[PDB]
$ cat model_11.cif   # mmCIF, C-alpha atoms and all ligand atoms
data_coords
loop_
_atom_site.group_PDB
_atom_site.id
_atom_site.type_symbol
_atom_site.label_atom_id
_atom_site.label_comp_id
_atom_site.auth_asym_id
_atom_site.auth_seq_id
_atom_site.Cartn_x
_atom_site.Cartn_y
_atom_site.Cartn_z
ATOM 1 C CA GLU Y 16 127.963 105.188 92.139
ATOM 2 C CA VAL Y 17 125.723 102.430 90.801
ATOM 3 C CA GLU Y 18 125.958 98.920 92.225
ATOM 4 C CA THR Y 19 124.904 95.912 90.146
ATOM 5 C CA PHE Y 20 123.752 92.655 91.752
ATOM 6 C CA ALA Y 21 122.864 89.234 90.367
ATOM 7 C CA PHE Y 22 119.448 87.815 91.184
ATOM 8 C CA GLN Y 23 119.654 84.560 93.129
ATOM 9 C CA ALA Y 24 119.336 81.669 90.657
ATOM 10 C CA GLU Y 25 115.772 80.665 91.542
ATOM 11 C CA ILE Y 26 114.529 84.257 91.403
ATOM 12 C CA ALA Y 27 116.052 84.721 87.952
ATOM 13 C CA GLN Y 28 114.279 81.515 86.964
ATOM 14 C CA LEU Y 29 110.975 82.827 88.346
ATOM 15 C CA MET Y 30 111.324 86.143 86.541
ATOM 16 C CA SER Y 31 112.029 84.383 83.247
ATOM 17 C CA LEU Y 32 108.979 82.185 83.798
ATOM 18 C CA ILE Y 33 106.791 85.226 84.478
ATOM 19 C CA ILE Y 34 108.086 86.961 81.345
ATOM 20 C CA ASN Y 35 107.924 83.979 78.973
ATOM 21 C CA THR Y 36 104.826 82.052 80.106
ATOM 22 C CA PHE Y 37 101.619 82.701 78.171
ATOM 23 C CA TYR Y 38 99.179 84.066 80.730
ATOM 24 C CA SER Y 39 96.306 86.411 79.929
ATOM 25 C CA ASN Y 40 95.273 87.319 83.490
ATOM 26 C CA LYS Y 41 97.979 89.978 83.824
ATOM 27 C CA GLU Y 42 95.920 92.417 85.891
ATOM 28 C CA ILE Y 43 96.806 90.573 89.099
ATOM 29 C CA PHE Y 44 100.112 92.460 89.277
ATOM 30 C CA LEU Y 45 98.248 95.454 90.730
ATOM 31 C CA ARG Y 46 96.633 93.389 93.483
ATOM 32 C CA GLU Y 47 100.051 92.045 94.488
ATOM 33 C CA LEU Y 48 101.703 95.469 94.602
ATOM 34 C CA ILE Y 49 98.842 97.009 96.563
ATOM 35 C CA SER Y 50 99.039 94.044 98.948
ATOM 36 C CA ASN Y 51 102.744 94.731 99.449
ATOM 37 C CA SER Y 52 102.078 98.419 100.163
ATOM 38 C CA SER Y 53 99.356 97.435 102.648
ATOM 39 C CA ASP Y 54 101.821 95.149 104.461
ATOM 40 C CA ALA Y 55 104.418 97.947 104.627
ATOM 41 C CA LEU Y 56 101.792 100.347 105.943
ATOM 42 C CA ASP Y 57 100.740 97.755 108.542
ATOM 43 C CA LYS Y 58 104.362 97.563 109.704
ATOM 44 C CA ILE Y 59 104.955 101.277 110.252
ATOM 45 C CA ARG Y 60 101.569 101.582 111.985
ATOM 46 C CA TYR Y 61 102.420 98.664 114.282
ATOM 47 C CA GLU Y 62 105.777 100.275 115.105
ATOM 48 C CA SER Y 63 104.263 103.725 115.621
ATOM 49 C CA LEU Y 64 101.936 102.366 118.328
ATOM 50 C CA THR Y 65 104.874 101.876 120.674
ATOM 51 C CA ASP Y 66 107.052 104.668 119.263
ATOM 52 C CA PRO Y 67 104.997 107.504 117.693
ATOM 53 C CA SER Y 68 108.115 109.430 116.632
ATOM 54 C CA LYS Y 69 108.535 106.991 113.752
ATOM 55 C CA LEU Y 70 105.729 108.907 112.052
ATOM 56 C CA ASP Y 71 107.760 112.128 112.256
ATOM 57 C CA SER Y 72 108.651 111.381 108.628
ATOM 58 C CA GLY Y 73 104.973 111.446 107.659
ATOM 59 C CA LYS Y 74 101.763 110.781 109.565
ATOM 60 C CA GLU Y 75 99.427 109.850 106.724
ATOM 61 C CA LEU Y 76 99.258 106.194 105.729
ATOM 62 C CA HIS Y 77 97.986 105.765 102.178
ATOM 63 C CA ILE Y 78 98.490 104.312 98.689
ATOM 64 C CA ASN Y 79 98.455 106.454 95.517
ATOM 65 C CA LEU Y 80 98.134 105.077 91.992
ATOM 66 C CA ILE Y 81 99.617 107.434 89.412
ATOM 67 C CA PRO Y 82 99.376 106.738 85.659
ATOM 68 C CA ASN Y 83 101.512 108.767 83.245
ATOM 69 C CA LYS Y 84 100.743 108.144 79.569
ATOM 70 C CA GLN Y 85 103.612 110.328 78.347
ATOM 71 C CA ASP Y 86 106.232 108.324 80.259
ATOM 72 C CA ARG Y 87 104.142 105.174 79.873
ATOM 73 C CA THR Y 88 104.518 104.441 83.577
ATOM 74 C CA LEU Y 89 102.162 103.325 86.301
ATOM 75 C CA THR Y 90 103.454 104.242 89.746
ATOM 76 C CA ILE Y 91 102.296 102.708 93.012
ATOM 77 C CA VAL Y 92 103.236 104.924 95.964
ATOM 78 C CA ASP Y 93 102.802 104.137 99.652
ATOM 79 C CA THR Y 94 103.915 105.795 102.875
ATOM 80 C CA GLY Y 95 104.701 102.464 104.523
ATOM 81 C CA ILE Y 96 107.752 101.637 106.611
ATOM 82 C CA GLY Y 97 110.046 101.589 103.577
ATOM 83 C CA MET Y 98 113.259 99.630 103.047
ATOM 84 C CA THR Y 99 116.848 100.278 104.116
ATOM 85 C CA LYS Y 100 119.540 99.557 101.527
ATOM 86 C CA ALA Y 101 120.081 96.185 103.197
ATOM 87 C CA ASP Y 102 116.340 95.429 103.258
ATOM 88 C CA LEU Y 103 116.228 96.303 99.547
ATOM 89 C CA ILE Y 104 119.116 94.101 98.473
ATOM 90 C CA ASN Y 105 118.161 91.213 100.779
ATOM 91 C CA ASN Y 106 114.464 91.148 99.900
ATOM 92 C CA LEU Y 107 114.322 92.164 96.243
ATOM 93 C CA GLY Y 108 116.607 89.670 94.607
ATOM 94 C CA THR Y 109 119.693 88.288 96.344
ATOM 95 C CA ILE Y 110 117.935 85.865 98.690
ATOM 96 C CA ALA Y 111 115.455 83.217 97.571
ATOM 97 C CA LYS Y 112 112.637 82.609 100.030
ATOM 98 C CA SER Y 113 111.296 79.062 100.295
ATOM 99 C CA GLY Y 114 108.209 80.217 98.430
ATOM 100 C CA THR Y 115 110.171 80.795 95.228
ATOM 101 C CA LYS Y 116 110.709 77.160 94.228
ATOM 102 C CA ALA Y 117 107.505 76.134 95.999
ATOM 103 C CA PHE Y 118 105.598 78.419 93.636
ATOM 104 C CA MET Y 119 107.359 77.179 90.502
ATOM 105 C CA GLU Y 120 106.807 73.600 91.674
ATOM 106 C CA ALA Y 121 103.180 74.646 92.150
ATOM 107 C CA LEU Y 122 102.961 75.938 88.575
ATOM 108 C CA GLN Y 123 104.055 72.433 87.687
ATOM 109 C CA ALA Y 124 100.877 70.414 88.175
ATOM 110 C CA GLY Y 125 97.816 72.599 88.589
ATOM 111 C CA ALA Y 126 98.600 76.000 90.085
ATOM 112 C CA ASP Y 127 98.357 79.153 87.977
ATOM 113 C CA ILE Y 128 100.310 82.400 88.242
ATOM 114 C CA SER Y 129 97.524 84.273 90.057
ATOM 115 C CA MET Y 130 98.502 82.328 93.186
ATOM 116 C CA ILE Y 131 101.968 83.918 93.209
ATOM 117 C CA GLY Y 132 101.049 86.160 96.128
ATOM 118 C CA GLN Y 133 100.582 83.187 98.442
ATOM 119 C CA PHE Y 134 104.289 82.364 98.141
ATOM 120 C CA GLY Y 135 105.501 85.815 99.119
ATOM 121 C CA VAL Y 136 107.006 86.678 95.733
ATOM 122 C CA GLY Y 137 104.100 88.643 94.294
ATOM 123 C CA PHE Y 138 106.312 91.655 93.553
ATOM 124 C CA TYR Y 139 107.731 89.819 90.546
ATOM 125 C CA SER Y 140 104.307 89.698 88.901
ATOM 126 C CA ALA Y 141 105.150 93.289 87.948
ATOM 127 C CA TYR Y 142 107.058 91.788 85.019
ATOM 128 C CA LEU Y 143 103.754 90.583 83.612
ATOM 129 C CA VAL Y 144 103.173 94.138 82.371
ATOM 130 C CA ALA Y 145 106.467 96.023 82.803
ATOM 131 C CA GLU Y 146 109.687 95.851 80.777
ATOM 132 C CA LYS Y 147 111.536 97.684 83.543
ATOM 133 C CA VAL Y 148 110.640 98.236 87.190
ATOM 134 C CA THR Y 149 112.111 100.997 89.349
ATOM 135 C CA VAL Y 150 111.645 100.946 93.130
ATOM 136 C CA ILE Y 151 112.380 104.109 95.124
ATOM 137 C CA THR Y 152 112.317 103.630 98.877
ATOM 138 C CA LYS Y 153 113.041 105.514 102.102
ATOM 139 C CA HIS Y 154 113.203 104.004 105.580
ATOM 140 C CA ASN Y 155 113.546 106.062 108.765
ATOM 141 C CA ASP Y 156 116.908 104.428 109.437
ATOM 142 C CA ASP Y 157 118.558 105.089 106.066
ATOM 143 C CA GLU Y 158 118.894 107.246 102.934
ATOM 144 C CA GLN Y 159 116.584 107.190 99.918
ATOM 145 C CA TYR Y 160 117.558 104.464 97.432
ATOM 146 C CA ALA Y 161 116.596 103.455 93.904
ATOM 147 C CA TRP Y 162 116.363 99.787 92.846
ATOM 148 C CA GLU Y 163 115.946 98.989 89.146
ATOM 149 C CA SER Y 164 115.804 95.951 86.885
ATOM 150 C CA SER Y 165 114.797 94.998 83.363
ATOM 151 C CA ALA Y 166 115.275 91.362 84.406
ATOM 152 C CA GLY Y 167 117.925 89.498 82.450
ATOM 153 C CA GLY Y 168 119.437 88.351 85.719
ATOM 154 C CA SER Y 169 120.695 91.550 87.342
ATOM 155 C CA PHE Y 170 119.425 94.652 89.122
ATOM 156 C CA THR Y 171 121.044 97.907 90.231
ATOM 157 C CA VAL Y 172 120.957 99.885 93.461
ATOM 158 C CA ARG Y 173 121.983 103.534 93.775
ATOM 159 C CA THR Y 174 121.406 106.421 96.170
ATOM 160 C CA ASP Y 175 118.410 108.343 94.837
ATOM 161 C CA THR Y 176 118.637 112.006 93.853
ATOM 162 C CA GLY Y 177 114.965 112.487 93.023
ATOM 163 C CA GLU Y 178 112.273 114.254 95.033
ATOM 164 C CA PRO Y 179 112.577 113.176 98.681
ATOM 165 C CA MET Y 180 109.729 110.894 99.758
ATOM 166 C CA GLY Y 181 109.866 111.333 103.515
ATOM 167 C CA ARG Y 182 109.132 107.633 104.109
ATOM 168 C CA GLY Y 183 107.778 104.693 102.138
ATOM 169 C CA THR Y 184 108.162 102.944 98.800
ATOM 170 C CA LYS Y 185 107.370 103.857 95.208
ATOM 171 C CA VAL Y 186 107.125 101.220 92.474
ATOM 172 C CA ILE Y 187 107.390 102.642 88.963
ATOM 173 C CA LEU Y 188 106.243 100.270 86.245
ATOM 174 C CA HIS Y 189 107.652 101.104 82.821
ATOM 175 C CA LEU Y 190 104.931 99.371 80.844
ATOM 176 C CA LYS Y 191 105.386 97.064 77.872
ATOM 177 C CA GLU Y 192 104.168 98.513 74.581
ATOM 178 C CA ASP Y 193 101.076 96.302 74.488
ATOM 179 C CA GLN Y 194 100.059 96.841 78.127
ATOM 180 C CA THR Y 195 99.056 100.523 78.127
ATOM 181 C CA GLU Y 196 95.511 99.625 79.203
ATOM 182 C CA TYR Y 197 96.794 99.854 82.770
ATOM 183 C CA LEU Y 198 97.189 103.595 82.268
ATOM 184 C CA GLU Y 199 93.427 103.996 81.751
ATOM 185 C CA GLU Y 200 91.330 105.316 84.632
ATOM 186 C CA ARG Y 201 88.393 102.963 84.097
ATOM 187 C CA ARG Y 202 90.681 99.928 83.812
ATOM 188 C CA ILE Y 203 92.568 100.683 87.024
ATOM 189 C CA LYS Y 204 89.311 101.402 88.881
ATOM 190 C CA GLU Y 205 87.931 98.087 87.660
ATOM 191 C CA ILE Y 206 90.963 96.152 88.900
ATOM 192 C CA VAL Y 207 91.092 97.823 92.315
ATOM 193 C CA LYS Y 208 87.351 97.290 92.767
ATOM 194 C CA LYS Y 209 87.721 93.618 91.848
ATOM 195 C CA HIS Y 210 90.876 92.641 93.746
ATOM 196 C CA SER Y 211 91.638 95.228 96.443
ATOM 197 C CA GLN Y 212 88.232 96.278 97.760
ATOM 198 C CA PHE Y 213 89.047 95.671 101.429
ATOM 199 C CA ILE Y 214 92.492 97.243 101.795
ATOM 200 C CA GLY Y 215 92.615 99.075 105.117
ATOM 201 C CA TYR Y 216 94.226 102.252 103.774
ATOM 202 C CA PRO Y 217 92.994 105.027 101.436
ATOM 203 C CA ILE Y 218 93.764 104.203 97.799
ATOM 204 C CA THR Y 219 93.695 107.304 95.588
ATOM 205 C CA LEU Y 220 93.697 106.878 91.815
ATOM 206 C CA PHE Y 221 95.205 109.987 90.233
ATOM 207 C CA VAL Y 222 93.841 111.000 86.848
ATOM 208 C CA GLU Y 223 95.433 112.789 83.913
ATOM 209 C CA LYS Y 224 93.932 115.404 81.617
ATOM 210 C CA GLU Y 225 93.627 114.621 77.898
HETATM 211 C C1 LIG T 1 105.792 93.244 101.327
HETATM 212 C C2 LIG T 1 107.293 93.322 101.169
HETATM 213 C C3 LIG T 1 107.939 92.243 100.486
HETATM 214 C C4 LIG T 1 109.340 92.233 100.291
HETATM 215 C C5 LIG T 1 110.128 93.300 100.772
HETATM 216 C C6 LIG T 1 109.520 94.383 101.453
HETATM 217 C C7 LIG T 1 108.088 94.429 101.672
HETATM 218 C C8 LIG T 1 107.420 95.626 102.416
HETATM 219 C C9 LIG T 1 107.344 95.350 103.930
HETATM 220 C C10 LIG T 1 108.581 96.022 104.524
HETATM 221 C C11 LIG T 1 108.828 97.220 103.617
HETATM 222 N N1 LIG T 1 108.159 96.922 102.341
HETATM 223 C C12 LIG T 1 108.222 97.871 101.290
HETATM 224 O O1 LIG T 1 108.807 98.951 101.388
HETATM 225 C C13 LIG T 1 107.541 97.607 99.978
HETATM 226 C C14 LIG T 1 108.092 96.656 99.061
HETATM 227 C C15 LIG T 1 107.443 96.396 97.822
HETATM 228 CL CL1 LIG T 1 108.143 95.241 96.750
HETATM 229 C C16 LIG T 1 106.242 97.086 97.494
HETATM 230 O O2 LIG T 1 105.606 96.837 96.311
HETATM 231 C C17 LIG T 1 105.695 98.035 98.396
HETATM 232 C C18 LIG T 1 106.346 98.295 99.632
HETATM 233 O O3 LIG T 1 105.768 99.213 100.441
#

$ encode --input "model_11.cif" --output "structure tokens" --more "lines below"
Ligand SMILES: Cc1ccccc1[C@H]1CCCN1C(=O)c1cc(Cl)c(O)cc1O
Amino acid sequence: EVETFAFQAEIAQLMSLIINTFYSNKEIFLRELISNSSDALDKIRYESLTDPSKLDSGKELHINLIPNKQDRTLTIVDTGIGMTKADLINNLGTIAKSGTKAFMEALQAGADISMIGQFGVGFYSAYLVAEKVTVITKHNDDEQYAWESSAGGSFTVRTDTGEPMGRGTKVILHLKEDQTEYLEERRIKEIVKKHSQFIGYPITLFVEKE
């Protein structure tokens, strides 16, 4: 079955702001998502140091970027610690961290949207370039789940039937019509070079044939 949840009020407000505010520097979404993957990878590594068996679900720690022009999706995949169903629901929409209103209060006055990451809500910058975001995740302690939202104040969670991931999180950006530049090899390379040069895990940019 599919479960539908309301975003907490302030998160809905943030998402609307991200979608409606004129802001040309959209590329920062990729930095924020790679940062999130890096943090998740840090966590499973940290845990594996005391209990190595937590890598039984996959020893390699990496980030893959996978453009698909036919589906018009950009997918960020990591083999980080992943999220349980509860982690998913609690951290991707139903609970507003302090940084949510702090950020929007920051946008009032001087701050610009590129600072979003500093408030711990950088995930939502995905809606700078995506009309719908799907998050597939698998944590050692739980089943594989799919989160999805086109904003508008709700998201869904369901058990995922797709290819099993072993462990980690996959963010699938269904790109807006006018944002297909982020499917281009040279454009993604440029952004990763500029914003994510010192990530401590291998980042592989997959290519497509003509
Ligand atoms: C950083 C972060 C913020 C909010 C919730 C969860 C996370 C990370 C740490 C614990 C598990 N995790 C994730 O599974 C994860 C999530 C998102 Cl949103 C992503 O883009 C990539 C990921 O690997």

$ closest_atom_pairs --input "model_11.cif" --of "chain Y" --to "ligand LIG 1 (chain T)" --cutoff "9 Å" --atoms "all atoms listed in the file" --output "Markdown table"
| residue | atom | partner | partner_atom | distance |
| --- | --- | --- | --- | --- |
| Y:47 | CA | T:LIG1 | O2 | 7.6 |
| Y:48 | CA | T:LIG1 | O2 | 4.5 |
| Y:49 | CA | T:LIG1 | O2 | 6.8 |
| Y:50 | CA | T:LIG1 | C1 | 7.2 |
| Y:51 | CA | T:LIG1 | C1 | 3.9 |
| Y:52 | CA | T:LIG1 | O3 | 3.8 |
| Y:53 | CA | T:LIG1 | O3 | 7.0 |
| Y:54 | CA | T:LIG1 | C1 | 5.4 |
| Y:55 | CA | T:LIG1 | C9 | 4.0 |
| Y:56 | CA | T:LIG1 | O3 | 6.9 |
| Y:57 | CA | T:LIG1 | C9 | 8.4 |
| Y:58 | CA | T:LIG1 | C10 | 6.9 |
| Y:59 | CA | T:LIG1 | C10 | 8.6 |
| Y:91 | CA | T:LIG1 | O2 | 7.5 |
| Y:92 | CA | T:LIG1 | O3 | 7.7 |
| Y:93 | CA | T:LIG1 | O3 | 5.8 |
| Y:94 | CA | T:LIG1 | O3 | 7.3 |
| Y:95 | CA | T:LIG1 | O3 | 5.3 |
| Y:96 | CA | T:LIG1 | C11 | 5.4 |
| Y:97 | CA | T:LIG1 | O1 | 3.6 |
| Y:98 | CA | T:LIG1 | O1 | 4.8 |
| Y:99 | CA | T:LIG1 | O1 | 8.6 |
| Y:102 | CA | T:LIG1 | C5 | 7.0 |
| Y:103 | CA | T:LIG1 | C5 | 6.9 |
| Y:105 | CA | T:LIG1 | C5 | 8.3 |
| Y:106 | CA | T:LIG1 | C5 | 4.9 |
| Y:107 | CA | T:LIG1 | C5 | 6.3 |
| Y:135 | CA | T:LIG1 | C3 | 7.0 |
| Y:136 | CA | T:LIG1 | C3 | 7.4 |
| Y:137 | CA | T:LIG1 | CL1 | 8.1 |
| Y:138 | CA | T:LIG1 | CL1 | 5.1 |
| Y:139 | CA | T:LIG1 | CL1 | 8.2 |
| Y:150 | CA | T:LIG1 | CL1 | 7.6 |
| Y:151 | CA | T:LIG1 | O1 | 8.9 |
| Y:152 | CA | T:LIG1 | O1 | 6.4 |
| Y:153 | CA | T:LIG1 | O1 | 7.8 |
| Y:154 | CA | T:LIG1 | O1 | 7.9 |
| Y:183 | CA | T:LIG1 | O1 | 5.9 |
| Y:184 | CA | T:LIG1 | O3 | 4.7 |
| Y:185 | CA | T:LIG1 | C17 | 6.8 |
| Y:186 | CA | T:LIG1 | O2 | 6.0 |

$ resolve_selection --input "model_11.cif" --expression "the PyMOL selection byres (((chain Y and resi 117) around 12) and not hetatm)" --output "MDAnalysis selection string"
chainID Y and resid 25:26 29 111:116 118:124 126 130:136

$ closest_residue --input "model_11.cif" --among "Y:203, Y:43, Y:180, Y:30" --to "residue 159 of chain Y" --atoms "all atoms listed in the file"
Y:180

$ resolve_selection --input "model_11.cif" --expression "the PyMOL selection byres (((chain Y and resi 88-90) around 7) and not hetatm)" --output "list in words"
residues 80, 81, 82, 83, 84, 86, 87, 91, 92, 185, 186, 187, 188, 189, 190 and 198 of chain Y

$ atom_distance --input "model_11.cif" --atom1 "atom CA of residue 206 of chain Y" --atom2 "atom CA of residue 191 of chain Y"
18.2 Å

$ residues_near_point --input "model_11.cif" --point "(116.9, 101.4, 93.1)" --cutoff "6 Å" --atoms "all atoms listed in the file" --output "number ranges by chain"
Y: 150-151, 160-163, 172-173

$ atom_distance --input "model_11.cif" --atom1 "atom CA of residue 23 of chain Y" --atom2 "atom CA of residue 168 of chain Y"
8.3 Å

$ atom_distance --input "model_11.cif" --atom1 "atom CA of residue 38 of chain Y" --atom2 "atom CA of residue 209 of chain Y"
18.6 Å

$ closest_residue --input "model_11.cif" --among "Y:211, Y:164, Y:85, Y:169" --to "residue 223 of chain Y" --atoms "all atoms listed in the file"
Y:85

$ resolve_selection --input "model_11.cif" --expression "the PyMOL selection byres (((chain Y and resi 69) around 12) and not hetatm)" --output "PDB file with C-alpha atoms, keeping the file's coordinate frame"
ATOM      1  CA  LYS Y  58     104.362  97.563 109.704  1.00  0.00           C
ATOM      2  CA  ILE Y  59     104.955 101.277 110.252  1.00  0.00           C
ATOM      3  CA  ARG Y  60     101.569 101.582 111.985  1.00  0.00           C
ATOM      4  CA  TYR Y  61     102.420  98.664 114.282  1.00  0.00           C
ATOM      5  CA  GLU Y  62     105.777 100.275 115.105  1.00  0.00           C
ATOM      6  CA  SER Y  63     104.263 103.725 115.621  1.00  0.00           C
ATOM      7  CA  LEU Y  64     101.936 102.366 118.328  1.00  0.00           C
ATOM      8  CA  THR Y  65     104.874 101.876 120.674  1.00  0.00           C
ATOM      9  CA  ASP Y  66     107.052 104.668 119.263  1.00  0.00           C
ATOM     10  CA  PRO Y  67     104.997 107.504 117.693  1.00  0.00           C
ATOM     11  CA  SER Y  68     108.115 109.430 116.632  1.00  0.00           C
ATOM     12  CA  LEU Y  70     105.729 108.907 112.052  1.00  0.00           C
ATOM     13  CA  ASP Y  71     107.760 112.128 112.256  1.00  0.00           C
ATOM     14  CA  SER Y  72     108.651 111.381 108.628  1.00  0.00           C
ATOM     15  CA  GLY Y  73     104.973 111.446 107.659  1.00  0.00           C
ATOM     16  CA  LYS Y  74     101.763 110.781 109.565  1.00  0.00           C
ATOM     17  CA  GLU Y  75      99.427 109.850 106.724  1.00  0.00           C
ATOM     18  CA  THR Y  94     103.915 105.795 102.875  1.00  0.00           C
ATOM     19  CA  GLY Y  95     104.701 102.464 104.523  1.00  0.00           C
ATOM     20  CA  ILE Y  96     107.752 101.637 106.611  1.00  0.00           C
ATOM     21  CA  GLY Y  97     110.046 101.589 103.577  1.00  0.00           C
ATOM     22  CA  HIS Y 154     113.203 104.004 105.580  1.00  0.00           C
ATOM     23  CA  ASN Y 155     113.546 106.062 108.765  1.00  0.00           C
ATOM     24  CA  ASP Y 156     116.908 104.428 109.437  1.00  0.00           C
ATOM     25  CA  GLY Y 181     109.866 111.333 103.515  1.00  0.00           C
ATOM     26  CA  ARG Y 182     109.132 107.633 104.109  1.00  0.00           C
ATOM     27  CA  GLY Y 183     107.778 104.693 102.138  1.00  0.00           C
TER      28      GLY Y 183
END
